Every structure is written in C-alpha cells, then in structure tokens.
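Chemist: Show me how the following folds:
(chains A, B, C, D, E, F and G, ligands or ions: 18)
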Amino acid sequence: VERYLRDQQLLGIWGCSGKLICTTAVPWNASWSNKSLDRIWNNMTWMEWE
Amino acid sequence: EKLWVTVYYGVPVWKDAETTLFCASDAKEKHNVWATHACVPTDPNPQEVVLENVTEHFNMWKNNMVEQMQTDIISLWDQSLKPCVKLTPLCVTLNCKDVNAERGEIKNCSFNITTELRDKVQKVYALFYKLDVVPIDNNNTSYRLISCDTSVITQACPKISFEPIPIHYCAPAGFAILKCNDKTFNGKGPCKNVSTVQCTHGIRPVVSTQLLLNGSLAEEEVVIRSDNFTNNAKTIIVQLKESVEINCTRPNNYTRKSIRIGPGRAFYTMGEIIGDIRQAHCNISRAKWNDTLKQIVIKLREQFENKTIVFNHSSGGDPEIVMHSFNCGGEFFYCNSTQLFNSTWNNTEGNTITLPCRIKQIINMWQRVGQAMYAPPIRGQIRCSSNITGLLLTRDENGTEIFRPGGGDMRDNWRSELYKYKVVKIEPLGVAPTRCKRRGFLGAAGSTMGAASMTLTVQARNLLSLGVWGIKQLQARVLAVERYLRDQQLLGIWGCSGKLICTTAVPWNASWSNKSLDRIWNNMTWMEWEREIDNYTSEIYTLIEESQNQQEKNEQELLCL
Amino acid sequence: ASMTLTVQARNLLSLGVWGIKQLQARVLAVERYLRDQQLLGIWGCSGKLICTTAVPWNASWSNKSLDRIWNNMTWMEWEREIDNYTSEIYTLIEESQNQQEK
Amino acid sequence: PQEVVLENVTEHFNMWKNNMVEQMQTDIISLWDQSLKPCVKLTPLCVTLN
Amino acid sequence: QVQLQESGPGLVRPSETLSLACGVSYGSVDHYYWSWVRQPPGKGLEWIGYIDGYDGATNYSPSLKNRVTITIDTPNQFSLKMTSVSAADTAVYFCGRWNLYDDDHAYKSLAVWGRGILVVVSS
Amino acid sequence: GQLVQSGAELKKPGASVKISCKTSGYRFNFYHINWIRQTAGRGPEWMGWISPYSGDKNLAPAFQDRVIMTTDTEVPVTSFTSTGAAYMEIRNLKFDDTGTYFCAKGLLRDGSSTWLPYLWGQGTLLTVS
Amino acid sequence: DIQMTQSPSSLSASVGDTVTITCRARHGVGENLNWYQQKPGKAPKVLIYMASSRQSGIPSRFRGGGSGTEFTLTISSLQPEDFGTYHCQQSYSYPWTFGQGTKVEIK
Ligand SMILES: *[C@@H]1O[C@H](CO)[C@@H](O[C@@H]2O[C@H](CO)[C@@H](O[C@@H]3O[C@H](CO)[C@@H](O)[C@H](O[C@H]4O[C@H](CO)[C@@H](O)[C@H](O)[C@@H]4O[C@H]4O[C@H](CO)[C@@H](O)[C@H](O)[C@@H]4O)[C@@H]3O)[C@H](O)[C@H]2NC(C)=O)[C@H](O)[C@H]1NC(C)=O
Ligand SMILES: *[C@@H]1O[C@H](CO)[C@@H](O[C@@H]2O[C@H](CO)[C@@H](O[C@@H]3O[C@H](CO[C@H]4O[C@H](CO)[C@@H](O)[C@H](O)[C@@H]4O)[C@@H](O)[C@H](O[C@H]4O[C@H](CO)[C@@H](O)[C@H](O)[C@@H]4O)[C@@H]3O)[C@H](O)[C@H]2NC(C)=O)[C@H](O)[C@H]1NC(C)=O
Ligand SMILES: *[C@@H]1O[C@H](CO[C@@H]2O[C@@H](C)[C@@H](O)[C@@H](O)[C@@H]2O)[C@@H](O[C@@H]2O[C@H](CO)[C@@H](O)[C@H](O)[C@H]2NC(C)=O)[C@H](O)[C@H]1NC(C)=O
Ligand SMILES: *[C@@H]1O[C@H](CO)[C@@H](O[C@@H]2O[C@H](CO)[C@@H](O)[C@H](O)[C@H]2NC(C)=O)[C@H](O)[C@H]1NC(C)=O
Ligand SMILES: *[C@@H]1O[C@H](CO)[C@@H](O[C@@H]2O[C@H](CO)[C@@H](O)[C@H](O)[C@H]2NC(C)=O)[C@H](O)[C@H]1NC(C)=O
Ligand SMILES: *[C@@H]1O[C@H](CO)[C@@H](O)[C@H](O)[C@H]1NC(C)=O
Ligand SMILES: *[C@@H]1O[C@H](CO)[C@@H](O)[C@H](O)[C@H]1NC(C)=O
Ligand SMILES: *[C@@H]1O[C@H](CO)[C@@H](O)[C@H](O)[C@H]1NC(C)=O
Ligand SMILES: *[C@@H]1O[C@H](CO)[C@@H](O)[C@H](O)[C@H]1NC(C)=O
Ligand SMILES: *[C@@H]1O[C@H](CO)[C@@H](O)[C@H](O)[C@H]1NC(C)=O
Ligand SMILES: *[C@@H]1O[C@H](CO)[C@@H](O)[C@H](O)[C@H]1NC(C)=O
Ligand SMILES: *[C@@H]1O[C@H](CO)[C@@H](O)[C@H](O)[C@H]1NC(C)=O
Ligand SMILES: *[C@@H]1O[C@H](CO)[C@@H](O)[C@H](O)[C@H]1NC(C)=O
Ligand SMILES: *[C@@H]1O[C@H](CO)[C@@H](O)[C@H](O)[C@H]1NC(C)=O
Ligand SMILES: *[C@@H]1O[C@H](CO)[C@@H](O)[C@H](O)[C@H]1NC(C)=O
Ligand SMILES: *[C@@H]1O[C@H](CO)[C@@H](O)[C@H](O)[C@H]1NC(C)=O
Ligand SMILES: *[C@@H]1O[C@H](CO)[C@@H](O)[C@H](O)[C@H]1NC(C)=O
Ligand SMILES: *[C@@H]1O[C@H](CO)[C@@H](O)[C@H](O)[C@H]1NC(C)=O
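Modeler: Numbers count the residues shown, from 1 in each chain, chains lettered A, B, ... in the order given. Ligands and ions are numbered 1, 2, ... in the order given. Right below this line is the structure:
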C-alpha cells in the first residue's frame, strides 16, 4: 500500500495521475544524455537507461 | 435513444457482511473489569438517520455482532484477570470442620502453605463455602479447592470492579449499522422502519443465567422470540414490558485476611464471621411475578395454540449449570430459581417470594474449563436491588407444553439487546445507463435511482477512511484502506478516479437490461438495480476496462503526432 | 509561497516497541493522506494542486483586498485569521460546486 | 540530514511542555522493561545470608 | 497403541454383584482417567464412572454413586464393582482411557476404548 | 403484482358504500392508488389519486365532496414486496352512479407520469336501484 | 445431569453427498463437545474433540462446530466407510453424558 501510494503521489504532483504515457513541458538537458532518440529508444533497455 | 454506461461512486447499496466493530463508551471508570481504556469515547450526537422507503430483513439468530460481543467480553475478562496473583500453592489438602449456625455451608479449614520465600511452611485457617471445597477422600475432614485438580486458580485483583458499564458498538469505516425501529419486531423477518446509526445504544454487559437483568424493556408488550420456534432446540428470549424488582442480599458480614504467597502478593480469604449466620436470599414481589407469567402465557398461547402451559424448574445438578446466577456487588450469587417456575396455568404463600441463594468463590466462567477465577471476599453486606428484564426459557406430552428456565450460552443475553441491530457492508460502485457518452448517510437508499445520486457525496465523505485489541484494530484499518484503494484502482483503470460520476463511451447492451431510462432511473432503487444486473457485473466491468481505456490510451498516445 | 506547494506535498508519505509504533505511524500517515485525497476527490481537485471553485468570497470572512491577502500575510497568519470560519468554507464547497455541477 | 533553514520564521518554543520528552521517557522505560523481561528471575534467593 | 480388554461374567442375577475387569495389554494404568461407560441395547450411552490413575481418587455419576465402586487392582488392570444390579442394567459395558492433559491430541474425550462386554441380567 | 377488489353490490338511492382495494406482489407504499369510474352510460372518467406514502389526495372537482379516500399501513412480506389495502367511501348514491369502479397501481415512483394507473384490478360493479 | 438430544435420530444418504447431524444440550457447554463414530458390534472411536478439533487419522471430510447448546457435525463427500452410529458427548461438566445417537445408513 505504501509503495502504490508513493507512486500515485508522484504522478499526482507531476500532472500525470491518469496516464501511462505523460508529456511534460520540461525541456531535455543535453548534459543528462547527449544522444539522439534512435540511439536511446532503439538500443537501450529501460534498466540501462535508469 | 442510444444509451451509454456511467459509473457512480458512493452508491447507497449494501450487502450482508461480518466485520469487527469498534468499542465506544461514555468517558464520564478506572480499574474496571471491562478495561475502559481500550474503548474510545462516544460522540454525544447519536446520529440516527431514518431510512425512508427502506424495509430490511433482520435475523437476530445470525447476527455477527453477538459473536463479536462474546469474543470481546471474554477478551476483556482475560485481559483484566491476566495481571493478578495466581494461586499456585493453594492446591494443598485442607483439614476442614463445619461451622455451626446454613448447616455445613461454610467450612473452617486449616492448611499449610509453602511459599517462594521458603522461610517456613506456615499454617493458616480460612473460611470457604461448601461449593468451593470438594472432599478428596473417604475421610470426612479432607477437602481440596474445586478447580485445583484441573487448573491453577487465578485470584481476581480486589481493585477490579465487576460493575457493568454501558458499551456501544460503532461501525468501522466501510460498514454501517442498521437498526430496526418496529415496535413489535419479532427478531426475524422484514422490518419496515429502519434507521442507520453510527453507534448502538449502550449495552450493559450483565452476566447472568436464566433471567435477564437490567437491559431494556419492551415498548408495548411482552415479546417472545425464537428462531424456528416449533423446534424444542431453540432458546426462547422473552423481553418484558415492565421490569420486576429483585432484592438480593448476602446478610453475612465476614472479615478479610491476607495470607502472603510471595513478594508483593497475597491470597485474600475470610477470617472470622462477625454476627449470626444467615442465608443469602432474593425477594421478588409475588403479584408482579404473577403478572409477568400471565403476560408470558398469553403470548405463548398465540403461537403454540390454546394448549396448557406449564413452567417447570431445572433438574438437580451442579449449581453453575441449573441455578440462576448473577454477580452484583462484586460477589457471585447463585439462587435456586424454583419458586418462580412451579405453576400450571391450563385454560397464597405470602405476598413475597423469597428464594434461597448460595455464594461461590471459584467460578468457571464463560462455560470453559482449565481456567478459573477466585473472587476475593467482600467485607460488607451485599445489596442488589436489580431489575428483572426478560427471561430465557427452553422447551421440552398429553396436550401440555413444558417450559423450563434455561438458555444456550452468554450470547443469548447479547441477542436480547442486539436483536434490532444489523451490520452491513456498503458497495459504493454502481453502473447504470444514461443518455450521453464521454439528507444523511443512506438517506436516499429507499428512493429511486434518480434523485439518489445527488447524495453520493455523503457516502464518499463518510464511510471511507502494544495491546491485542490495538493490533486487531490496526488490521481493520489496513483492510479498510485496502478496500478503499481497490475501489480507487477500479476507478483508475476505468479513468474515473477524478469524480464521483464518470461517464464512459461503451454502449449499453440490451441483453443486460432491455429497459427504458424511465424504467431504470425512476421506479427502481439502487439496490434493485444492482441485484438485477448482478450476474453481469463481472462482464460489464471487463468491457469498461477493455472499452474506451486501452483502446483510448492507445489513441491518446498518437494524438501528439 | 504558493509556488512551492509541491515541496511540502512530497513529504506527506515516506513486534516490539518500535515495530508496532512504526506500523501505527505508517498506517496513520496513510489515513491522513487518503483523507485529504478523498476531500479533494469530492471537491473534484484530486488531480490538481490548485483548483478554483464556484463559491464566492464572503466579505464577513475577511474584508480585505487581494493585495492585503496575497502580500503581507503568511500562510500561518491567513489560516489563523479564518480559523473560526474554516468549517464554513468547506461546507459551501460541498454544498455547491460538484453537488450541483454534476 | 536535510536541515532546511526557515527564513522569516519566528516560533515559540517551550522546553518544559515538550511532548518529545515525555515520549522519550516512556520509550526508554518500555525498552528497558522489554529488554530485562526475558532474563533470570532471582526468586530462590530470598534466603538469609550469613 | 494401547489396547484394553473387558473380562467378566456374562450373566448376573437380579440381586447379586456385577464385577467386570479391564486389562491393559500394550501399556499400564497410567495417570489418566480410567473409566467405564454403559450402553443399553437400542439406547445411547451413559457414564458409569472413573478412577484417576495418579492416586486412588474416584468419581461416579450421582445416580449410580451409591452402587458402583471402581478400583485399580494390578498395575495393568482395573475393575468395576456394581452392586444390586437390576434388569434395567443389561447393557454393553465399555472400559476406556479418558485423556485430560490438553497437550495431547484428545484434550477431553474417551480416547482408548475396549472391545465391550455384553452383560445380561437374568435368572 | 395483483390488485383485488370487493364483489359487486346493490344499493338503494341515497345509500353510501365503501369500496376496498387490496394489494399484493409490490410495495404498497411506493405507488399511488388510482380510483377510476367506468360509467355504464357515459364511459370512463377519473375519480381520484391517493398516495399511501404521505396521504396526499387529488380528487376531480365533480367528486371533491362525494369521495373520501383512506389507506392503512403496509405489512411487509419480503424486502421488495408487501401487501396492503386502500378504501374509498362514496356518499349520496344516485342512479347516475351505476357502473364499474376500478383501482390501479400507479406507474412510477418518480417522473412526470407517476400518477398514471398501470396495474388495474378486475373492477367492482355497483348497481343503484 | 445435563441432558443431551440429537437430531435426526435416523439418517440415510447416498455416497458422495454432504450430511449434517445436530447434537443439542439442555445447557451450554462452551466448546466442550466430543463426537464419536460407532461401528455395529464395535466400540466407538472419537472423531472430534473440543467441538471442532479433529483427531489425527480422520480425513478432512469430517468437520464440525458450534457453541453453547447447538452443535453440528458435517460429513462431506460421504463414503461407504461412514456407515454407522454417531454419538456426541459433553466433557464440560460431570457426568459426561451422551446423546441418543444417530444411525447413518449409506445408499
Ligand atoms: C522425505 O520424504 C519422505 C517420503 O515421503 C518422507 O516419508 C514419509 O514420512 C511420513 C512421516 O512419518 C510418513 O507418513 C506416515 O505414514 C504412516 C504410514 O503407516 C502413517 O501411519 C502416519 O500417520 C500417522 O502420523 C501422521 C503424522 O503425525 C498423522 O497425521 C496420522 O494421523 C498418524 O498418526 C498416528 O501416529 C502418530 C505417531 O506420531 C500419533 O501421534 C497419532 O495419534 C496416530 O496414532 C504418517 O502419515 C510417510 O508414509 C512417509 N512416506 C513414505 C513414502 O514412506 C520423509 O519423512 C521425509 N524426510 C524427512 C527427513 O522428514
Ligand atoms: C419514498 O417513495 C415515495 C414513492 O415511492 C416518494 O414519493 C414520491 O416522491 C416524488 C418526489 O417528491 C413525487 O413526485 C412528484 O413530482 C412532481 C414534480 O416533480 C416531478 O416532475 C417534474 C416535471 O414533471 C420533474 O422535473 C421532476 O424531476 C419530477 O419527476 C410533483 O409536482 C408531484 O406533486 C405531488 O405531490 C406533492 C407532494 O406534496 C404535492 O404537493 C402536489 O400537489 C402533488 O400531489 C410529486 O411530488 C412522487 O409523486 C411521490 N410518489 C408517491 C407515491 O407519493 C418519496 O419521496 C420517497 N421518499 C424519499 C425520502 O425520497
Ligand atoms: C416498475 O416496477 C414495477 C414493480 O416491479 C419492479 O420492476 C419489475 C420490472 C421487476 O424488476 C421487479 O422485480 C421490480 O420490483 C413493475 O410492475 C410489475 O411489477 C411486478 C413486481 O411487483 C412484476 O412481477 C411484474 O411483472 C411487473 N408487471 C408489468 C406488467 O410490468 C413495472 O413494470 C415497472 N416498470 C414501469 C412501470 O415502467
Ligand atoms: C421509525 O423510527 C424512527 C426512529 O429512527 C422514529 O422516529 C422517532 O420517533 C420518536 C417518537 O417519540 C421521536 O421521539 C424521535 O425523535 C424520532 N427519531 C427520529 C430520528 O426521527 C419513527 O417514529 C419510527 N416510525 C414508525 C415506527 O412508524
Ligand atoms: C476457625 O478455626 C480457628 C482455629 O481452628 C479458630 O481460631 C481460634 O479462635 C479462638 C476463639 O476464641 C481462639 O481462642 C483460638 O486461639 C483460635 N485458634 C487459632 C489456631 O487461630 C476460629 O475462631 C474459627 N472460626 C470460626 C468462624 O469458626
Ligand atoms: C501441615 O498441614 C497439613 C494439612 O493439614 C498436615 O497434614 C501436616 O501435618 C501439617 N504439618 C505441620 C508441620 O504442621
Ligand atoms: C428499575 O426500575 C425502576 C422503576 O422505577 C427504574 O426507576 C430504575 O431505573 C430501573 N433500574 C434499572 C437498572 O433499569
Ligand atoms: C422447524 O422444525 C421442524 C421440526 O419438524 C422442521 O421440520 C422444520 O423444517 C424446521 N424449520 C426451520 C425453518 O428450521
Ligand atoms: C452485618 O453488619 C451490619 C452492620 O450494620 C448489621 O446490621 C447486620 O445485622 C450484620 N449481619 C448479620 C447477619 O448480623
Ligand atoms: C425478604 O422477605 C423476608 C420475608 O420474611 C424478609 O424477612 C426479609 O428481610 C426480606 N429481605 C430483604 C432484603 O428485603
Ligand atoms: C427492594 O428494595 C427497595 C429499596 O432498595 C424497596 O423500595 C423495594 O420495595 C424492595 N422490593 C422488594 C420486592 O423487596
Ligand atoms: C416437571 O413437572 C412435573 C409435573 O408437571 C414434575 O413431576 C417433574 O418432576 C418436573 N420436573 C423436574 C425436573 O422436577
Ligand atoms: C430448590 O428448592 C427446592 C425446595 O423443595 C429443593 O427441593 C431443590 O432441591 C432446590 N434446588 C436446588 C438446585 O438447590
Ligand atoms: C410448587 O408449588 C406448590 C404449591 O405451593 C408446592 O406445594 C410445591 O412443593 C412446589 N414445588 C416445588 C418443587 O417447590
Ligand atoms: C397471585 O398472587 C396472589 C397474591 O395474594 C395470589 O393470591 C394468587 O393466587 C396468585 N395467582 C396466580 C395465578 O399466580
Ligand atoms: C443470477 O444468479 C442467481 C443465482 O445466484 C439466479 O437466481 C438469478 O436468476 C440469476 N439472474 C440472471 C439474470 O441470470
Ligand atoms: C500585515 O500584517 C500585519 C500583522 O500584524 C497587520 O497588522 C497589517 O495590517 C497587515 N497588512 C495588510 C495589508 O494586511
Ligand atoms: C545453611 O547455611 C549455613 C551457613 O550460613 C550452614 O551452617 C547450614 O548448615 C546450612 N544449612 C544446610 C541445611 O546445609
């Protein structure tokens, strides 16, 4: 129960409580990962990205 | 004309359920046997919301509050007795002599007590009642504690008071307590005047056999309740219109002596009797008892046809089983209860009925073995002056029905007060068709579906959200939270978490209910509707999950492009 | 201060003497969070950090302009000034808004 | 340890009515009793010593 | 497995004493309640009484207390002596071991039964 | 559901009669009882509506003086069904009142059409002569 | 002496069904009611101890319960081996009386 509510709280604050895919207004900072979308989405698994 | 599924959260519909209730009382005592610190204070506002257009089926014989109350009563007694001195060494043989007045009722017994200190073996004298000592040999001067051979006797702490205090049971979150207000309610069947309460009225946990004491009186007449009623094997609970005053007395004074058992602990027993030896007894007004039996016989005649009614006494046996029992004043009284049920009605020995009574100190309570309580001697004259409020009768052939005082177990007394209460589970999720695609608690439960949704807020606002009782309440709270979250997750997967009324875009299938909206929103209540489509609920919910959502979530992903 | 609501929002969650006490504290924190979420869900604000309702401001609660409320005052002072009227505001929100908007 | 200093916050403290003291004292007593409970009870030693 | 065996006369006169023994095979008269129970033909069962193997303490049903005495003879045998046996006392008599110690399977139930001896009161 | 009425009666001019209507198979207190006259020489015409829940009455102007409506309380038999009865007392019978009187269960508990009769009884013949 | 009754006094059922035998006390005994199974010509053996506690070696088909004065024995998935007379006994107070017994015939 505690884990479910922590996840729901985080989604509630971000603005994503009802979605599995949620788009935000925050731009991506190249210092976090300087890679093209194909290098990310078609190469890495979710664990390597995390 | 095309109808769409809409999900309503907070729907006033309920199902029968068994749960754990909360304990409430009037905070106003300390060192009470009922452990009042484990119960919360009650709300001075009784709530009491009348449910209009609601008739409900009550059954006192299947009422889970009775089992819950019996469990709580036993738990409180065990918790209260746990921190008290155990009479481990008092199993020694006792050399007794009769006290000459009650000829032989009180015995003067000399015995040798060993201790944990082991400084010496000490010889002491004490008085006991005939019912507490059992002769252990042919020798007519050897005796032992009645319970010694099977268990270690636990002494009740003298600071613990046994005075009954009203106990209220309160609904936990997620459940509601319904009360039947029908004046002539027979304990089984439909009740046409039903209200919803937060807490029950106060229940006095009086422990007695055969005759109910104090409690509450019937509003209009004596009411006789049973389950099958024709079956002999049912307890007959008689609730009286008027109480009968019973004045029970223990005229002997006695004195109280402490015999040390170990560091900080002692056995409390009687020393020397001060004054004359006089029998404990109870006085019941004869004329009032006449009227009580006349009314009971009249009510029995209405259900058993116009047969002869005979009241018989119990058979001989252990006084704890066949005699009347009560515990006013902190002493434990057993009375013969045979000058009351010895009459034939078919169709003056004074004006006061005096019953002999006996006092016992070792009580095997709650129909259990392996545990026993020793009640320390009270040092004064014990007056009762209690109200007899209802009887427990049992039934056993030449055109005569034989009734006897009796009963099942202590749960039969709780039913006497709990017969009018029921505990129900609220099912806040309902589904109904609509035209478009994407008061008090339960006040509209009996109203039509239309104009009952305008109170869904109430069901959404109320109802939701190192001791053993603390852990059990913790488990109840965790279960209530899990239940609420199950409802919220169902709304989540349906995309309905943000509002009480969630409109979907999945069409209504005429195979579920081939009815117009006027046939659904009017004419029917929410309970009737939920029952009508109960067999399709698991199907309908699946489509709500599979329709719109999943398909809609996939559609939502591609709108950005 | 109203621009930092998330910072405070994130800190509402997360058989011996300490075990049972910790379990009780966790359950009570969950109950507090869920009660606030239930109130917002009734108000229709469960997915929103800030939501505007249809209930007008009553001058008897505070006869002050927005400059007198949004500046100068702290949230502590504001809750104190309307503490004796707080229960009234919630009633109107349940009495109006969704109860009629639905 | 976090530690966030609150600007423009003055708060009335009273060390003599602080519930944390009563709770810590209760916890220390409870812990000591629980710790000593499962240990040897010296009841046979109430004897006369020479 | 403890086994019990009843032994005694099958026919007793209406005025004489009934004497039944119960032997123990793979065991002895241990500290349990060793008891006798009566079952008249076509009827249910009624308790006769028991003797505690710990000491000589006994207990008997009040309705029969003045006619039945149960004793232990050898370490492997106990017996029931019922005086003034009437025609109504014709029955199958069982001996058995009643458990009372809670930590065993049975807490309180006649656990070991004998085979049963049918006693007929007649002349 | 079933609506049961008393049998036919012959009355003299100037006499009064009280016509009962017993109900079963539905909740009595949930629906209106509608009294309607089938006139032997004119056709049907409305007499009145009685609500067993609250006692509210609505009589046609022609019969505001002639008709007294009363009800008893319901006696439940199950959670969704009860039995019961309603009574209508008609005063000052004339020869023009010969006809068949019907009682009927109201259509709905709510909506604009609650008052309409839905489940009709068999009809009781009243003869004046 | 606490008097015991039992119902039905004569019971029959086919193999594989579920049957209930009810033992009734004049006075409450808590949970202290034992259940026994007697085969014709043999001494009985105990099936249930304190109202609900089953003896080891007896299959889970034998269930029971109740408190106070009304107790039940439920036999699920009735087998030919269940033929016999069932008895109930009170251990709460002396004398430990028995009911009249219920005869179960298997068809
Ligand atoms: C690893 O696996 C192997 C293979 O399975 C295990 O072997 C099994 O071991 C069990 C345990 O003994 C054994 O089960 C017993 O079978 C006996 C066959 O005759 C049964 O008679 C016996 O029943 C009695 O005991 C049960 C358990 O207490 C009771 O439920 C039952 O009612 C019986 O109780 C009687 O006896 C007890 C004696 O203690 C007494 O208290 C009661 O009153 C009553 O009189 C068991 O069911 C299996 O048969 C074995 N399997 C095989 C194939 O041989 C092995 O045990 C495992 N290894 C380890 C190390 O555990
Ligand atoms: C217990 O159950 C009974 C019935 O089982 C309910 O009684 C019914 O209550 C409804 C609502 O009061 C009665 O409906 C009638 O509503 C009319 C106007 O509202 C309806 O129609 C409009 C437009 O047509 C719609 O917009 C609206 O949504 C409704 O559908 C009223 O004009 C009617 O008036 C009659 O009764 C009142 C009552 O005093 C009189 O003053 C009028 O003169 C007139 O006689 C009426 O109110 C319905 O008729 C009632 N049925 C019966 C059999 O009595 C109870 O309300 C319910 N209890 C609870 C607590 O909900
Ligand atoms: C309005 O309800 C009455 C009462 O019955 C209810 O509705 C039924 C459709 C069904 O779901 C019942 O269980 C409900 O209690 C309906 O009128 C009759 O009702 C009886 C039960 O009292 C039912 O057995 C009859 O079949 C119904 N008869 C007819 C001819 O309809 C009524 O139909 C419902 N709908 C309206 C008036 O629109
Ligand atoms: C149905 O029950 C309610 C109680 O819930 C009864 O209403 C009470 O009536 C008494 C009459 O003396 C009043 O003193 C109470 O204040 C009323 N209570 C409430 C909550 O309204 C009602 O009269 C009962 N109706 C019946 C039996 O027809
Ligand atoms: C119970 O017995 C004890 C002793 O058997 C009695 O105590 C004696 O009381 C007399 C009174 O005159 C004293 O002189 C003795 O010295 C006491 N003896 C002891 C050993 O204490 C006691 O009085 C008896 N009580 C009753 C109520 O019979
Ligand atoms: C102690 O008391 C018991 C029981 O009366 C008795 O048999 C024994 O002789 C006494 N012993 C002494 C030393 O007084
Ligand atoms: C007993 O009845 C009398 C009658 O006057 C009443 O005053 C008293 O309060 C009743 N006592 C109890 C405990 O119910
Ligand atoms: C009531 O007892 C009789 C006794 O013969 C029985 O036949 C009947 O089925 C019982 N009814 C109920 C509802 O238990
Ligand atoms: C008990 O003591 C009281 C003190 O007032 C006295 O009146 C009473 O008579 C005494 N009991 C007996 C049985 O003498
Ligand atoms: C009970 O009645 C008897 C009648 O003789 C009387 O002597 C006695 O004092 C009464 N008891 C009480 C407690 O009033
Ligand atoms: C019981 O005692 C009270 C006083 O406590 C007295 O008024 C009443 O009359 C007595 N009743 C009986 C039946 O003795
Ligand atoms: C029951 O009443 C009869 C008289 O009707 C009586 O002979 C019998 O002894 C009574 N029962 C008991 C147990 O006393
Ligand atoms: C009750 O009193 C009567 C008076 O005759 C007596 O025979 C009977 O044994 C007494 N019962 C008990 C259980 O003391
Ligand atoms: C029943 O009452 C009668 C009449 O007073 C009396 O003779 C008889 O002994 C009473 N029976 C018992 C058992 O007390
Ligand atoms: C009722 O009590 C009076 C008191 O004098 C007595 O005379 C009468 O016989 C009793 N009647 C019944 C039916 O118990
Ligand atoms: C739903 O199931 C119940 C049995 O649980 C049955 O009586 C009822 O007729 C079923 N209803 C439908 C509509 O299939
Ligand atoms: C600012 O706060 C102080 C606090 O005492 C108050 O006196 C003053 O009136 C407030 N100003 C406004 C504009 O509300
Ligand atoms: C007890 O201890 C003393 C020494 O203090 C010793 O003289 C005496 O013999 C001891 N007693 C026994 C019984 O050994």
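Chemist: how near is the closest residue to residue G:53 other than its chain neighbours to residue E:101?
Modeler: Distances taken as CB to CB, 6 or more residues apart in numbering or on different chains put residue E:107 closest to residue G:53, at 7.4 Å, once the chain neighbours are dropped. Quick note: C-beta positions are derived from backbone N, CA and C, even for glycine. Per CB to CB, to the nearest Å, residue E:107 is found 8 Å from residue E:101.
Chemist: and the two? which has more neighbours close in?
Modeler: Taking other CB atoms under 10 Å in any protein chain shown, residue E:107 and residue E:101 do not tie; residue E:107 has more neighbours (19 against 10).
Chemist: which SS class is that one?
Modeler: coil (DSSP: H, G, I helix; E, B strand; the rest coil).
Chemist: same thing with residue F:125?
Modeler: strand.
Chemist: mind listing what it touches?
Modeler: F:8, F:9, F:99, F:100 (CB atoms under 8 Å, 6 or more residues apart in numbering or on different chains).
Chemist: count of residues packed around the second one?
Modeler: It refers to residue F:9. By other CB under 10 Å, the residues close to residue F:9 number 14.
Chemist: what bridges to it?
Modeler: Beta bridges link residue F:9 to residue F:126, judged by DSSP bridges.
Chemist: shouldn't it be in contact with residue F:127?
Modeler: Yes - Residue F:9 is within contact range of residue F:127, at 7.2 Å (criterion: CB atoms under 8 Å).
Chemist: Right, and ligand 12 sits closest to which residue of chain A?
Modeler: Nearest residue of chain A to ligand 12: residue A:1, at 60.0 Å (CB to the nearest ligand atom).
Chemist: Show me what the one helix or strand residue G:20 maps to is packed against.
Modeler: Per DSSP states H and E: residue G:20 is located in strand G:19-25. Helices and strands touching strand G:19-25, by 3 or more CB pairs under 8 Å, 6 or more residues apart in numbering or on different chains; DSSP states H and E, are strand G:4-7, strand G:10-13, strand G:33-38, strand G:70-75, strand G:84-90, strand G:102-106.
Chemist: Buried ones in it, by neighbour count?
Modeler: Neighbour-count burial for strand G:19-25, with 16 or more other CB atoms under 10 Å in any protein chain shown as criterion, is recorded at G:19, G:21, G:22, G:23, G:24, G:25.
Chemist: Need the residues that contact it.
Modeler: With CB under 8 Å, 6+ apart, strand G:19-25 has contacts from B:233, G:2-8, G:11, G:13, G:33, G:35, G:68-75, G:78, G:86, G:88, G:90, G:99, G:102, G:104.
Chemist: And for stretch G:79-89?
Modeler: E:44-45, E:109-110, G:4, G:6, G:15, G:21, G:23, G:33-40, G:44, G:47, G:61, G:71, G:73, G:75, G:96-99, G:101-106.
Chemist: roughly how far apart are residue G:97 and residue G:89?
Modeler: Taking CB to CB, one finds residue G:97 at 7 Å from residue G:89.
Chemist: the more surrounded of the two?
Modeler: Set residue G:97 next to residue G:89 and count neighbours by other CB under 10 Å: residue G:89 wins out with 24 against 20.
Chemist: For residue F:98, the count of nearby residues, please.
Modeler: Residue F:98: 17 surrounding residues under other CB under 10 Å.
Chemist: dump the residue contacts of the closest residue in space to residue E:84 that isn't next to it in sequence.
Modeler: The shortest distance from residue E:84 to any non-neighbouring residue, by CB to CB, 6+ apart, is to residue E:67 (5.8 Å). Applying CB under 8 Å, 6+ apart, we find residue E:67 in contact with E:82, E:83, E:84.
Chemist: repeat for residue G:100
Modeler: E:43, E:44, G:4, G:5, G:6, G:9.
Chemist: could I get the buried residues of strand G:19-25 as a markdown table with distance to ligand 5?
Modeler: Converted to a markdown table, those look like this (distance: CB to the nearest ligand atom, whole Å):
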| residue | distance to ligand 5 |
| --- | --- |
| G:19 | 60 |
| G:21 | 53 |
| G:22 | 51 |
| G:23 | 46 |
| G:24 | 45 |
| G:25 | 40 |
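Chemist: what's the closest of these to ligand 14?
Modeler: Nearest to ligand 14 among the buried residues of strand G:19-25, with distances taken as CB to the nearest ligand atom, is residue G:25, at 23.2 Å.
Chemist: beta partners of that closest one?
Modeler: residue G:4.
Chemist: how about the strands of chain E, start to end?
Modeler: Here chain E has its strands, by DSSP state E, at E:4-7, E:11-12, E:18-24, E:33-39, E:46-52, E:58-60, E:68-72, E:77-82, E:91-98, E:110-113, E:117-121.
Chemist: Residue of chain F closest to ligand 8, please.
Modeler: residue F:78 (15.9 Å).
Chemist: What count of nearby residues applies to the residue of chain A closest to ligand 12?
Modeler: Neighbour tally, residue A:1, other CB under 10 Å: 13.
Chemist: quick one: it from residue B:462, how far?
Modeler: From residue A:1 to residue B:462 the distance is 22 Å (CB to CB).
Chemist: for residue G:3, same thing?
Modeler: Distance from residue G:3 to residue B:462, by CB to CB: 50 Å.
Chemist: Check residue E:110 too.
Modeler: Taking CB to CB, one finds residue E:110 at 55 Å from residue B:462.
Chemist: Could you do residue E:116 as well?
Modeler: Taking CB to CB, one finds residue E:116 at 65 Å from residue B:462.
Chemist: Indicate the residue of chain E located nearest to ligand 3.
Modeler: Counting by CB to the nearest ligand atom, chain E gets nearest to ligand 3 through residue E:44 (50.1 Å).
Chemist: now the spatially closest residue to that residue that is not a sequence neighbour: how far from chain C?
Modeler: Counting by CB to CB, 6+ apart, residue G:100 is the residue found nearest to residue E:44 once chain neighbours are left out, at 4.2 Å. Distance from residue G:100 to chain C, counting by CB to the nearest CB, to the nearest Å: 49 Å.
Chemist: Provide the secondary structure category for residue G:100.
Modeler: coil.
Chemist: if I look at it, how far off is ligand 1?
Modeler: Using CB to the nearest ligand atom, to the nearest Å, we find residue G:100 at a distance of 29 Å from ligand 1.
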